[PDB]
Amino acid sequence: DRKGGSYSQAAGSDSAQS
Amino acid sequence: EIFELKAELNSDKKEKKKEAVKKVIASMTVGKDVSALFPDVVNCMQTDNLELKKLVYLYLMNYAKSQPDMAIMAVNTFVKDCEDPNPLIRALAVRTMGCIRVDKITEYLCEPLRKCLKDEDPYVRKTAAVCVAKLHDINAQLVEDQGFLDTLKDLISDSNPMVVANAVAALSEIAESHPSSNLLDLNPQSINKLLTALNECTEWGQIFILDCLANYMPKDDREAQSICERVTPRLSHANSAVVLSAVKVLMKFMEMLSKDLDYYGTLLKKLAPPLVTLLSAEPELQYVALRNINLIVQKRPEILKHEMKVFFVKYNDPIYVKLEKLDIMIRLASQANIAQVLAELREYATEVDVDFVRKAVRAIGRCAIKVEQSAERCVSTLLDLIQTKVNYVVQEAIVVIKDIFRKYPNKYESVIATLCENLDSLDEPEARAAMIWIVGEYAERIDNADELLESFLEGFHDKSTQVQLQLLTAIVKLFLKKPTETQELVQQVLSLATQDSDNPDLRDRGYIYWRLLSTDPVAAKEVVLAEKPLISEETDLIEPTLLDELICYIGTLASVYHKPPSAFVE
Amino acid sequence: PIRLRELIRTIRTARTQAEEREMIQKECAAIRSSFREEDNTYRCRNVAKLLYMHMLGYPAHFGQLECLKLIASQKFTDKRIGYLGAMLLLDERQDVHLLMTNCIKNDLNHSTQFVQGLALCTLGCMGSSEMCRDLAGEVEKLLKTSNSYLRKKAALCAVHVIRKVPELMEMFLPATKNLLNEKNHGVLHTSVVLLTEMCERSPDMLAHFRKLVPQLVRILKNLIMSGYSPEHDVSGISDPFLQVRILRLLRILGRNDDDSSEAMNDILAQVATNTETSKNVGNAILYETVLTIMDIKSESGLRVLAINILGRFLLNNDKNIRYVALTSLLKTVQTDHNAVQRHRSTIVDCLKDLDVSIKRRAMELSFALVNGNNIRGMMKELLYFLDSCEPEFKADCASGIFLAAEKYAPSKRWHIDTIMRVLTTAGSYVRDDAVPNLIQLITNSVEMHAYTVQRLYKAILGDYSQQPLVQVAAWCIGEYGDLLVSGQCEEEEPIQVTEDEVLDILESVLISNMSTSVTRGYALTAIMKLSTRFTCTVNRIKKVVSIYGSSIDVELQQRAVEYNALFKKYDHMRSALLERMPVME
Amino acid sequence: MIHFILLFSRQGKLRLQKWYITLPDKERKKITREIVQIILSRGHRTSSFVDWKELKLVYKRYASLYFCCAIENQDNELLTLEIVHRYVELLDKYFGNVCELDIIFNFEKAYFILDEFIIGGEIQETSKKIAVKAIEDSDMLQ
Amino acid sequence: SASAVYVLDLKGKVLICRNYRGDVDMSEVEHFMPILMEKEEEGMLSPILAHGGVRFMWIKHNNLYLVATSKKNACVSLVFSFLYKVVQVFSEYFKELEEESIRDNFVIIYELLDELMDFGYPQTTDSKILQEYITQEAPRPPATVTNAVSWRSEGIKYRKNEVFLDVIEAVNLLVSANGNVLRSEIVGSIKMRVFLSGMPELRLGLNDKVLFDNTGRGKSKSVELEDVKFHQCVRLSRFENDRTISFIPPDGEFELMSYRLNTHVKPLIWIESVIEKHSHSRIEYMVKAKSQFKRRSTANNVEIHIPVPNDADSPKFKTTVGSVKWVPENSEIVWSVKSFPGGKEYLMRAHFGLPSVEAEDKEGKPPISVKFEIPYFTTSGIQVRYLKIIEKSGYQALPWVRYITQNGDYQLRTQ
Amino acid sequence: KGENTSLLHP
């Protein structure tokens, strides 16, 4: 773990925007 | 020491030569005159090691002016190094050639400069442009004879966009010192080419690219609109200098822009976020941002109409930053944020900075004078400051009250009683003269004006010239208004200022007052106690000619100093 | 209990100013926490740390009660710490020494000699107006003691009380009677100092103190004869402080009497030739003897010897010796003024000396040596010195030149020319207070006005940034507009004054940014007076006055409004109040 | 008498301070700063005599730490220098090879010696051995 | 257009200087120290000095003043930017900013200074580019500087493509003594530590209010940043055209975007301060802190600094949650809290005496500031949509990012 | 250093 918010996975783009 | 260093330098050992060079560099950095060893290091100059070559070049540059005669044994080495296959070596040689302040050294370096002008390496091209600019600065005639202007101009329309920006900066610097004859101005195709390479230029090259547009004057709305559209993306750059240059370019272009067109409105809307971002820069750049905002405030004051919260001086803000914030708030003060300004002034009046307190008091007084809707609020704030029991605060409040009385004394009769007994024992000439003038002009709501003036008449003959004149004027006004209780006071004042007063102006004023009193006391009311016209306050806005000139000169030393560029350079 | 040495080492270990301030704040917080508990064991270390912090520039307001508590303690170290705190952080304006009066009174009768001496020294160093009133009786009681180590302390306390309270010297007249036979050098020096202080405070004791002149002469002769002594013999001079005190008493004793000077004439003559000025002590003794001879009604031979000694010391290359010689010459300016004229070359050379103090002394000597015959000759030297003087001496040189011109000016025309040259060259170095004096001098002189008016007009159109010169020119124009321009009512031949350049210059000065509100007022007054003084430029100044009536300054706006009202409603009465001001000394 | 006597180092650090005239703390600090600036901005051929504020500002430092005196214009200048030399010799005798480091550590001892030597700006101990003996006796008390 | 840039010291000694134009003599640096001393003693000291016709602009560094003397009316902003770039390069190359490294790396320092700028015009400013050509422990200049892409070095190879993002939030609240917040602005910080193979071009996508409105999705929680500053690698053309955040990520930690907008929400921590200070008798500290943040968010390492009296001594603390320590150097008591869950209410009761002697001069009323830092909290509500990582070779990236909320200019005006 | 040196060197 790490202080200041755990790292989270990010997407590649907005899949709902086509 | 010196002998051992010379012996080590005159040896054939590379490690010993490197150690001697390092010792000489350390001595020079520590403050040791190593110029006497420059001729010894001249022989140990052509070395294969790049580290030793850089140190030798630095020593020659630092020992070139000191020993110009000994610098004549380096032209061959510079010529040999100018053709080095390594681009770093060629760039270092080009930089050293232009950094040598030798009149006879640059003459023999014209051929290497011409050879390196067409260097294919972008770093080599930038070094050649820098060397050409340095030679032109040192010898404009030599640069003109070498014909480097054509090469510099053609460098802009080439590849190596950082090299193009370096060449453009060099050409601008040459033209900056030029007398404006044969300028390097370009047509709209040149501006478009620079804008195309603006997005590919580096942070340093962006400033150079934007500097060229600052001199070009747009002539068409379409060209101005295109320039504004191109410079709009520059406002989203992390570089503070690049953002400032873009803002200056936009302000310059707005001079020919049409207010009817929506381009001006869009530029004004997009400029506020840029100003807010710049206001939160580093403390060193905070003063520059404040100066730029003040310079552009007089041009487009409606751009930052709603920018008032950011103008507040932070607790940890520097004294210069606090002063700039106070000046911005005073220039941006409005009736909409009048309450916020008054609250900030009251909060700013509780600080421990005497200069800061005086500046806050002056800003509050200026805001009260400029906006008559807050005259009551300003009077209440001044009364609270006086009641705070602060000597400097009391003096500032007295000065503000005196200024307001001369500006808006129609409804200032409600503070005479409060100011009548307000710890008048202060001997400050600025506050004492203001109080005396207020008492003399407002000697109607105070029934003890003669008694109050009696205490100030003990040392009238030795108080001050301005203080004595103010006291005499107040006594004359009291005698003209109510001479029953001041008949003897007027005579005493005339005797003190006429016989015991050796001041020329004060003596003349006393004689004139005595003559007026002895000629027609009734006429003195219409002559001395006359209704003065409206006081013409000094406008803080700069002249329109200076404002237009200051718009082009954005980010320079003149903007911070608020002086013309020709009035600050030596 | 942090020791003072540990605090000093910690302070020396700190490099940053902020770090040093933080360490000092932590130490002060620790000291305050220790004091708040009424700690008395490690009070000495806390007191030493607080004294070091106060000397370093740290606040010590909270450390005031601790010193008072330690003063009333019993430990010798604690008593010394309290005395040091009272002497350092305790003063008359502090107001915390009022409670220390009881402690001093209790310690005044203490049997211990170190405690009593420390208390006396603290009282002398921190003498107050009210402390001496309640402690005057105690000081006089100890003045009659036979303790040699305490006689000097009692004399110092009495002298401090007399200096702080001159009305309390009446109680010390019989205490010091019959005290010229003290064998100890310190006791005799203290008695001599007390007698000198009593004589200087009031002249009533001069006659009573003048009877002991033979005793002082005998003591000085005995000290001179006993030139060898392990104690007080430094650099070959035995009891140099005692000799200096004796010389000062002789100079101040019988300064206006012949009997006192005659009695000490032999002693002064012996000292002037039996003393060697090779060392600093000998030079100081010789200078003191010369000063005493000059300040007293000494013989012609004594004055000649003093003049020769001063001349010899003037040629000395030592900076201190040169400064002492210059000070002696300045002091002996009125006395032996004719003999001081032989050092005119030395005085002139001292102005170019590379010593600021030496240059100032030479300038002062030159200013004091200016007479009614060398004033004209010295005027060129003074002007050259002012032109090529230091920035701190240019104003002083200009003031001295103006004073010499006003006091011993050879002629009004020459004095006027010198004043004009000083104003033109002084620029911003001319004092503003000297402007009223120059105006009064110009008003008093009524014979040279056309040339002076022309010179002022010429110097005003060239430059206007000089506040004193500008004010003087404006005053001269206002006083003699009728004489500066002759026949300027209408168009005439091209002359220096055309009746229009003066108005333009006045308007430029009034509207110029180089106005301090004093020169602007003088210019406005001159313009108003020129309405009746000058009849050529009329109907034009009224518009300027009306426009100038709305000035930002309250006084300037009121003056402009009054001028406009007078021009618009009292045109016929303008000349009724434009009479020339009276001229008085 | 001596209005104020202060010992200051060459770098500006003050090692001693003894003022016989009651002045405000801010005023005293300003006066000390001005005196340090004048001494720090003075050459070696200035005669060691300065007439600042009508006071005989005599500066004469025999080492890195310098000393200053402020006396009225009523006595000879050589007397102040002689007194300063005598005080320096007495301090050296009392301590022994006095250095800058020892002065900071011996601030209390130096202050006590100065108080026992001169009180109120006037000379109190003309002799050199009697004052040393008295100082030693006072120190031995505890 | 500074004539010469030099590095000074705390004692006025110049650690290192390098003339660029030669129009300003090196002896003018000596007069800079007396001018600075006079300005500080009179309050007229400014970073941009002026020695006659030559201006000596100086910046206060960690141990020395970065004095950059200039002669003509050069670009002050450009000089400041060059000084900041030089400071950043020195910090990257040397971890310590003091006299220890100034005289220890002079051989490489001189080369770096020479390569950085020539004739007063900076040329090299990339830390990685400078380290690839100038080292303290030489080949031809890299083609990255000559090429257009000077912020993404080509040819980088890594075993794994992992990028660590950091959603840094700065909560600045300016609460006046009357209890009303005057300046309440939150400045975003999108810093990503990209460590992959090659030179991928990041395609930034987030829940931006402007982007949502343009795409027609302006109905959900969208972050409306008043001021958004892109990084050097970020292309301004795409952002101006359609808000497309397309740029080459840097090799390492870099700041891509930094949001900056005003905050109209209640403060995360509500602090009520009571000053029951007696007249030279005692002092009362009625400090009550209320957590306005969500209960699911905990403020880690919260340090609410309460300025205590300058001369106060013997203080007693009566608190409920969180240890209170009085630092004599800071002259204040900081309400240090290890973990502060949202909605927590901490009450403190300070009690200390005061000296009998009153202070000679006033000390002022410094504002009370807290050092709360609650991570994993998104107060602004801006959610990142996706990060378009595209490489010519083709690889699967696994970017990571963490949202951190801290207290910035959260100062509360004292009573 | 220069501080350990004797004030009078005696």
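Numbers in chain A come straight from Swiss-Prot, and the residues shown are 338-355, in order.
Looking at the header, which is where the method is noted, we find electron microscopy, 11.6 Å.
Cβ from N, Cα, C; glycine included.
Listed features, source Swiss-Prot:
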- A:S343: phosphoserine (MOD_RES)
- A:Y344: phosphotyrosine (MOD_RES)
- A:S350: phosphoserine (MOD_RES)
- A:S352: phosphoserine (MOD_RES)
Fewest Cβ neighbours within 10 Å, where candidates are the modified residues A:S343, A:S350: A:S343
Cβ neighbour count (within 10 Å, all chains shown) around A:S352 (phosphoserine): 9
Cβ atoms near A:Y344 (phosphotyrosine) (within 10 Å, other residues, all chains): 18
Rounded Cα separation (Å) that holds between A:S350 (phosphoserine) and the residue listed as 'phosphotyrosine': 18
Local backbone state of A:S352 (phosphoserine), from DSSP in three classes: helix
Integer Å distance between the CA atoms belonging to A:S352 (phosphoserine) and A:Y344 (phosphotyrosine): 21
Rounded distance in angstrom between the Cα atoms of A:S352 (phosphoserine) and A:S343 (phosphoserine): 24
Assigned conformation of A:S343 (phosphoserine) - DSSP reduced to three states: coil
